[PDB]
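Shown below, as C-alpha cells, is a lone chain in the form deposited in one PDB entry; questions about how it binds or moves come after it.
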C-alpha cells in the first residue's frame, strides 16, 4: 500500500460525500491507520465513519475551541499508543456564513460573519498544525484543502478571500513544520459535489441552483484537458494521499492542483 504503516489524522468528515471521507477511504485502502475528528454532530459522524472500509477512532474537534485544540495531542496519543506518533495530518475544514457567499452582496457580509469564516477556513490550518506537530514524526506530512483563489469569481465571494489567506498560512506553517522535519502543502481541487458546494448556490431560487452547478461543471470539464467530473472525489483523494506518502519528499509550503488541469487553460 501507498501509505502502509502510516498513522494519519483526518479532519473534516460530515457526510459520505465529504472530501475527507474519500481521503480516509483511499488512505485505509492504501494501508494507513487513521484517527478521525468530527465537529458538532458526533453521533451522526460516528455512523457515517462506519461506512469507511476499516474501523477508526473518532475524536471531537471544533477548531474554534482552544480547549479542544490544547487537548488534541494528548487525546491522539491515547488512541494510537504510548510510544507512537502521527505520520500525516489532513485539514479538510472550511466554512463561510451565508452572508459571505452566493448571490448575497459582497459588501453586505458583516465582519463578524467573515471573521468566523476566516477563523475556520484559514486561521485553523495554523491552529491544527500547532496542536498536532508535537505528536508528529520527522518526515511527516500535513495537507490542507484549497480552491484556487488567484482570480475572483462569482458566488465564492468571501470564501475566496479565506482561501487566499489559507495559502499564505500554509507557507508559514511550512516554516514551522520544517523545523521538525514535517512538510505542509495544500491540494487545490476542482469543484466537487459536497455540502460545501451547496453553500455556493446559496440564494439561488428554483432551478437556478441546479443550472448554476451545470454551468460550473460544464465549464470546468471543458477547460480541463483531461476533463473534470464533479461527482467523483476519488482523484482529489488520491492526490492528498500522494502528498501524505513519501513520494513528494522535497515539496513543502506548496500548492498541488487536482483540477483536471483547468487552471492552466484559458478557454
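Here the rigid core means the biggest group of C-alpha atoms that line up within 1.5 Å when the two forms are laid on top of each other. Residue numbers count along the first chain shown, from 1.
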Exercise. When the C-alpha temperature factors are averaged for each of 68 to 76 and 149 to 157, which stretch ends up with the higher value in the entry?
Worked result: 68 to 76
Exercise. If you average the CA temperature factors over each stretch, which comes out higher, 195 to 203 or 59 to 67?
Worked result: 195 to 203
For this session: Specify which of 98, 185, 126, 164 carries the largest Cα B factor in the deposited PDB entry.
Result: 98
Exercise. Between 238, 51, 231, 223, which one tops the list for C-alpha B-factor in the PDB entry?
Worked result: 51
Problem set entry | Third assignment of residue 178 from its chain's C-alpha B-factors | middle
For this session: Just say lowest, middle or highest third for the CA B-factor of residue 115 relative to the other modelled residues in its chain.
Result: middle
For this session: Classify residue 130 as lowest, middle or highest third according to the C-alpha B-factor given in the PDB entry, relative to its own chain.
Result: middle
Exercise. When the modelled residues of the chain are sorted by Cα temperature factor, does residue 266 land in the lowest, middle or highest third?
Worked result: middle
Exercise. Which third of the chain holds residue 219 when residues are ordered by C-alpha B factor: lowest, middle or highest?
Worked result: middle
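This protein has a second form, the form deposited in another entry, left out of what is shown; the following refers to that one.
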Exercise. When the rigid core of both forms is overlaid, which of 48, 237, 63, 201 is the one whose C-alpha moves 2 angstroms or more between the shown form and the other one?
Worked result: 201
Exercise. If we fit on the core, is the Cα of residue 216 displaced 2 Å or more between the shown form and the other one?
Worked result: yes
Seminar exercise, completed: With a difference of at least 3 Å, the CA distance of residue 207 and residue 153 in the other form shows the atoms closer
Exercise. Against the shown form, C-alpha atoms of residue 208 and residue 153 in the other form: closer or farther, for a change of 3 Å or more?
Worked result: closer
